[PDB]
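Participant: this one's experimental. Sequence and coordinates below.
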Amino acid sequence: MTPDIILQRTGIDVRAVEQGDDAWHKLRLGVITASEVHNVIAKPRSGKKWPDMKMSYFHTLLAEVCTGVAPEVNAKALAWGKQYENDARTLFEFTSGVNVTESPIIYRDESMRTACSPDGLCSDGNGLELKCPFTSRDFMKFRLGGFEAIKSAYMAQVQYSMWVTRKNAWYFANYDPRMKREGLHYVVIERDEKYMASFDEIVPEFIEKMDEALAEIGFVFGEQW
Amino acid sequence: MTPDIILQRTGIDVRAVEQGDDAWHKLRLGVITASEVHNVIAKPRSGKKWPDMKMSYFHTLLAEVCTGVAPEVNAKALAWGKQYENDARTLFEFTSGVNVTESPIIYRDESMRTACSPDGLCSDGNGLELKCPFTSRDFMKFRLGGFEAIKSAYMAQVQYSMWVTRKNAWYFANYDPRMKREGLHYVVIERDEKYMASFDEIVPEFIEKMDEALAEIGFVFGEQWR
Amino acid sequence: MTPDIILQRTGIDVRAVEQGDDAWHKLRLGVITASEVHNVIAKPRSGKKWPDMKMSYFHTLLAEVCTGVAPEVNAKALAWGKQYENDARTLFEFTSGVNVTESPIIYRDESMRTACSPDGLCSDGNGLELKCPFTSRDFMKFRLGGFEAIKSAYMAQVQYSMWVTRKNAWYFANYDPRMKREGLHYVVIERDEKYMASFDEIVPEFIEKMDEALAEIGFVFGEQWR
Amino acid sequence: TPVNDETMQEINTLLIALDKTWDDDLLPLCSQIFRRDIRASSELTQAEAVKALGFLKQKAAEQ
Amino acid sequence: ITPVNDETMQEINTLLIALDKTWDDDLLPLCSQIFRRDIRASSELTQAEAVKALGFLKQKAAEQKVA
Amino acid sequence: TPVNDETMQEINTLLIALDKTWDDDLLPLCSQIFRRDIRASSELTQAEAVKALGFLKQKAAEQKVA
């Protein structure tokens, strides 16, 4: 997808967007984003039935199309993340030696049903996800590494970003300005083809069901722009 | 049950009571209400020991008797609900074509142990329950699934409202002012005798156990109102 | 263990610090406290994996050491507790007949890894835990007594307090200023040697694991006080 | 962004079919639900008029 | 605003006598603390306050089994 | 509470190994993340300097300098 085609279908110029902007939010309305896709790929205890978190995201995403808004969940956490994001980015650049360009949203294909919003695009080809955990507890969990350091929601997010962008690796950094030392830590996560195939299978079905639900109440995807 | 028994016992004139005022809150203290009765009819996975949500409500309701106050729960969802309830009533009148009259609290009997506060009484003899879901997500769930995606807590509230008032059906309407279209949806919930029987069995046992707990600590039901 | 050893270690005169204080929080940074030890003794339903609540407290406590701060959880409940704690203490004294002197933090030993902050030390040798529960619901749960009136987190806090102080019994009291009567209730809880043995085995191990994690990222316990 | 003509006509089409009016029925309705004194039909936003229309359509569907 | 009735005052006085306690030395100071007000006479109590105070005396007395 | 000799020294050695400077690289970074105009290393507290040093060590480690 090119910058004029987005403008052509949404009326918004991607070149003039600043993460958090009204336009930034509008572009993600009804779109399956990386932060939420862990809900799409949840499988049940057993059988073919969608778990509550999957049904809940489905309904949330449908509501975005029909209201043209996304309420913000966790206002404290979000303000904290926005306060320290650029410090996290700068420190990632500094410590890694890798240069970072900020990217507007990247749609996977012309349907614009699937996107991510990288916190950076790196000079070596890799994307960048940045987290400023609201609790130093969660920083520490990541920082200590080992089994279960990276929560599966965030692995889903990182892999989905690689699915959307076609890319092969992704940096995943946490920053905590309250840590007296060791406050910036990152890892490289490699494209996992088990995740890619899961998205290839499950994501189109999720889009189809959304189209059915929207049709049932006289809505069509795209209306929100 | 009449305005007279309420006056003698609480000092309050029900005719002066509009939803949400100081008086309205007072009259619900210690009373098994429709919004909360789902906790009363909760059963465990096996046996007869009260599940946690049931015990939790028992304790909440006993505290209302002994303190004469009730805290606010979900302040934001509640304020939203109060913000848009009148619009939802109006839009339901307009779209349905049935006139709604507002009602103060209705007790099921002289005991005043059991009550509901309908969001309205309809010209066709049905009650009306009105939700303004805090999340459009929850609105969308109701809008698509209909009957299938009414929370059992909400289904209990509607059935108990029919148990209390003796009515045969109840309008269940959701309203969401953020929806560009399709923001007002309603269904008719019919009286279900399996629920009526559950209340007949379980609620008097709940009342009996409350009296025992109150007696254990020197309290009697009614003290909240004086 | 004295206030001179605490002073040398932390620069804080314990005698000028009172529950809630800014320095009161500094003395607890990284320390296994009685209100949280329930996280430390949680076992898994099977196997040997630390449950989520245990890992979560493990990470919280390490973060306190490495940041020098502990964010306040449940602000409204803590403010309610602070508002009513002295009345709760006086009413306990008054109704029980036993005298209560206030105590700063008490560390179990020179390591300062383990401590409790009794809400009082009683004339009869027992400690005192005082709760002003934010919800009258929880007051009522406790007031009604029975097998289950005391949450297991609270039993662990009480038993840990006896483990820290070498004491044989502890008063567990609740106060609710909103109750019209019966607003103060207490029971005596005896030292339970099963808990003592669990603390003896599990706590030193938890300390070892914390040290290894701190060392993993180049920290030494005690840094948060230098 | 103001109410467009084709949407305004869909509304008026339904008002006539329903035997309702702007003065007696729809302006008071809209004034209440959009929390604003709406004195004439041209003062509706397109978004506001799309909601009013949906409700008229619902009212009609139910007869 | 509703004041302490005579019946309640009497029950309080009965308990004070049995516990060997007084309004001015024991109960009024207590009532001043817990109700966050300067209370210098028994008549400054509300009935609701007096009920609480009476309850605390009953609890104190009942531990000792006093009469 | 100002930067001790030990910490200054390790910072200065790493800046040289990394071919970075106080005025061009480190003070701008410290100014950004500590939200203050830090114009000289003497304006830095020990706590700030310890954090700065940490970042330099990470930078040095990932580079694999001598």
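Facilitator: It's in. Numbering: from 1, shown residues only, chains lettered A, B, ... in the order given.
Participant: up against chain B, what does chain D have?
Facilitator: D:29, D:32-33, D:47, D:50-51, D:53-55, D:58-59, D:62-63 (C-beta under 8 Å from any C-beta of the partner chain). (C-beta placed from N, C-alpha, C; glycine too.)
Participant: ok, residue A:9 to chain E distance?
Facilitator: 64 Å (C-beta to the nearest C-beta, to the nearest Å).
Participant: list the contacts for that residue?
Facilitator: A:112, A:222, A:225 (C-beta atoms under 8 Å, 6 or more residues apart in numbering or on different chains).
Participant: just the buried residues out of the residues you listed, in ChimeraX syntax.
Facilitator: Only the buried members of the contacts of residue A:9 enter the following ChimeraX selection, criterion being 16 or more other C-beta atoms under 10 Å in any protein chain shown:
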select /A:112,225
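Participant: closest one to chain C out of the contacts of residue A:9, please.
Facilitator: The nearest member of those to chain C, counting by C-beta to the nearest C-beta, is residue A:112 at 37.8 Å.
Participant: which bits of chain A sit near chain C?
Facilitator: Looking at chain C, the residues of chain A close enough under C-beta under 8 Å from any C-beta are A:135-141, A:143-144, A:176, A:178-182.
Participant: in helices, which of these appear?
Facilitator: Among these, the residues falling in helices (DSSP state H) are A:136, A:137, A:138, A:139, A:140, A:141, A:143.
Participant: buried ones in the longest helix along chain A?
Facilitator: What stands out as the longest helix in chain A, according to DSSP H, is helix A:193-216. By neighbour count on 16+ other C-beta under 10 Å, the buried set for helix A:193-216 is A:195, A:198, A:199, A:202, A:203, A:206, A:207, A:210, A:213, A:214.
Participant: quick one: the second one and residue A:40 touch, right?
Facilitator: It stands for residue A:198. No: with contacts counted by C-beta atoms under 8 Å, residue A:198 stays clear of residue A:40, the gap being 9.3 Å.
Participant: once you drop chain neighbours, what's closest to the residue nearest in space to the middle of chain D?
Facilitator: In chain D, the centroid-proximal residue (C-alpha atoms, centre = their mean) is residue D:52; its distance is 4.2 Å. Excluding the flanking residues, the one nearest residue D:52 by C-beta to C-beta, 6 or more residues apart in numbering or on different chains is residue D:30, at 5.7 Å.
Participant: contacts for the helix or strand where the one you found lies, please.
Facilitator: According to DSSP states H and E, residue D:30 maps onto helix D:27-34. Helix D:27-34 has contacts (C-beta under 8 Å, 6+ apart) with B:86-87, B:90-91, B:94, B:177, D:37-41, D:44, D:48, D:51-52, D:55.
Participant: got the phi and psi for the closest residue to residue A:36 other than its chain neighbours?
Facilitator: Nearest residue to residue A:36 in three dimensions, chain neighbours excluded: residue A:57, at 5.6 Å (C-beta to C-beta, 6+ apart). Main-chain dihedrals, residue A:57, degrees, to the nearest 10: phi -70, psi -40.
Participant: so residue A:57 is in contact with residue A:41, correct?
Facilitator: No: assessed by C-beta under 8 Å, residue A:57 is found out of contact with residue A:41, at 10.5 Å.
Participant: look at those two and report which has more neighbours.
Facilitator: residue A:57 (21 against 18; other C-beta atoms under 10 Å in any protein chain shown).
Participant: what's the local residue count around whatever residue of chain D ends up closest to chain E?
Facilitator: Chain E sits closest to residue D:35 of chain D, with a gap of 39.3 Å, by C-beta to the nearest C-beta. Other residues within reach of residue D:35 by the criterion other C-beta under 10 Å amount to 10.
Participant: can you report phi and psi for it?
Facilitator: phi 60, psi 50.
Participant: residues contacting it?
Facilitator: Per C-beta under 8 Å, 6+ apart, neighbours of residue D:35: none.
Participant: same question, residue A:224
Facilitator: A:26, A:29, A:30, A:64, A:65, A:66, A:68.
Participant: confirm that it lies within a helix, as I assumed.
Facilitator: No: under DSSP: H, G, I helix; E, B strand; the rest coil, residue A:224 falls outside any helix and is assigned coil.
Participant: which bits of chain D sit near chain F?
Facilitator: Counting by C-beta under 8 Å from any C-beta, chain D has no residue next to chain F.
Participant: show me which residues of chain A are close to chain B?
Facilitator: Counting by C-beta under 8 Å from any C-beta, chain A sits next to chain B at A:55-56, A:59-60, A:62-64, A:66-69, A:71, A:213, A:216-219, A:223.
Participant: pull out the buried residues from those.
Facilitator: Using 16+ other C-beta under 10 Å, the buried members of the residues of chain A next to chain B are A:55-56, A:59-60, A:62-64, A:66-68, A:213, A:217, A:219.
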